[PDB]
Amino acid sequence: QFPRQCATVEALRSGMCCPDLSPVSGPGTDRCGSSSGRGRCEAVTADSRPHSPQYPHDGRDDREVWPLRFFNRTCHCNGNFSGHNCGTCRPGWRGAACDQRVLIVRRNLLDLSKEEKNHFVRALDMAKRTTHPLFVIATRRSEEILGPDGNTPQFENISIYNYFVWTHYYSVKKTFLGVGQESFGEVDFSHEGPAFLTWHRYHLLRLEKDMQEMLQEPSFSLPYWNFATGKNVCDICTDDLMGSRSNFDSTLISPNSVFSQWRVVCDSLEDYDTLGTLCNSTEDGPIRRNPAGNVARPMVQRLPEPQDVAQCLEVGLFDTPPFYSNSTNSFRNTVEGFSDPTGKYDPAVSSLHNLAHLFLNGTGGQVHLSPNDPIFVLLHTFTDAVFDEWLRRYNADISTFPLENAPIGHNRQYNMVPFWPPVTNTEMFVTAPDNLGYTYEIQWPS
């Protein structure tokens, strides 16, 4: 989760993650690009408001009051500079002075040309294989972060796409209470709460940015999958996109797609939740996918209908008490899928986003693995498109996004876990075309 220059013995002991940009008087002389006007090292702002009583384990989990259990000093970048050491630009800006505006367009995957489809599939496959140039992931919790001898930081390199999988896993993992004890599972820093939409928004933004530099294509953008067609089948599960069903194993991906070659990370819950370790960069089995195949559960055998999307966009309040998976008339809870498209809660309901996940009946529909299936990317750009249309329609009204008593991780000023540098839900609660440098080529049913 941290820049590789902060994943050292020195940086962790200091509590400071303020790396140099280009120092030309020695180390520590250009922290946060302070010798240019680009930024400065300063104290971390973290949320201290109370959370819901559902989490009773304050003091036990490194994700609490993120990121204070690892660092209390961060770079704050000046103006429209951005990045861990202020060496890049805020979303929507480019240039050495971050003063040239950019606006990329996220399009329906099915509307792209034959060349554009092939370029997207190989970019994803490239990101699955290419080491992340900036971030390394911890394989142990903080008390064991410096290794057995106390001088070996327990971080591993990880590919650009597996880092995308890993941050999601880390945001949903159970609180480890100790060997012999049962891990606590009624906690989720990115789902079942107001932060669901802003968390996944930043999640996509980080991956899109990483792939832009990996490809050195500033205009590269992530497409979306319109899953609200009411269809019986996954219309993007073809061998020119995301892969069709294997004729030799109906739960595997066609060998004529590169995605049949992918191997998943974070599939050892037995180990993590009993020995206290974290998901590491070692890959395991293949992606399992079986669209419409959950015969035991007929309600998740068909995708949402077009009118489901139109109805959830009529929900005018972003979220409602108790800001959880049982909220009624909450746009966030409706599009997440715990309530029906009108906002009516029913514990037996699976709609929209949750239904699209369960429709896959496989890796993409399992809470600890879902980003391993690259359909996750397209499922959530569409979910983000619905969010962006809501932001336009209701003038980005953040007033119902609670400042306190949300599920832990979901207060408005919580730093979304485990993103670095620290970024709050508020910073994502903005209309994308004017504030984040992207827009959706899409039209809404009516």
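Residue positions are given as counts along the sequence shown, with the first one as 1.
Comparing 57 to 65 with 32 to 40, the higher mean C-alpha B-factor in the PDB entry belongs to 32 to 40. The mean C-alpha temperature factor is higher for 316 to 324 when 316 to 324 and 200 to 208 are set side by side. Of the candidates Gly365, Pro153, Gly337, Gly193, it is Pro153 whose Cα B-factor is highest according to the PDB record. Highest C-alpha temperature factor among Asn361, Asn329, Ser171, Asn372, as the PDB entry reports it: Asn329.
Ranked by Cα temperature factor within the chain, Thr381 sits in the lowest third according to the deposited record. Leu403: CA B factor lies in the middle third for its chain, per the PDB record. In the deposited entry, the Cα temperature factor of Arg288 sits in the bottom third of values across the chain's modelled residues. For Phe135, the recorded CA B-factor ranks within the middle third of the chain. Only modelled residues enter the ranking. Sort the chain's modelled residues by C-alpha temperature factor and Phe2 lands in the middle third, per the entry.
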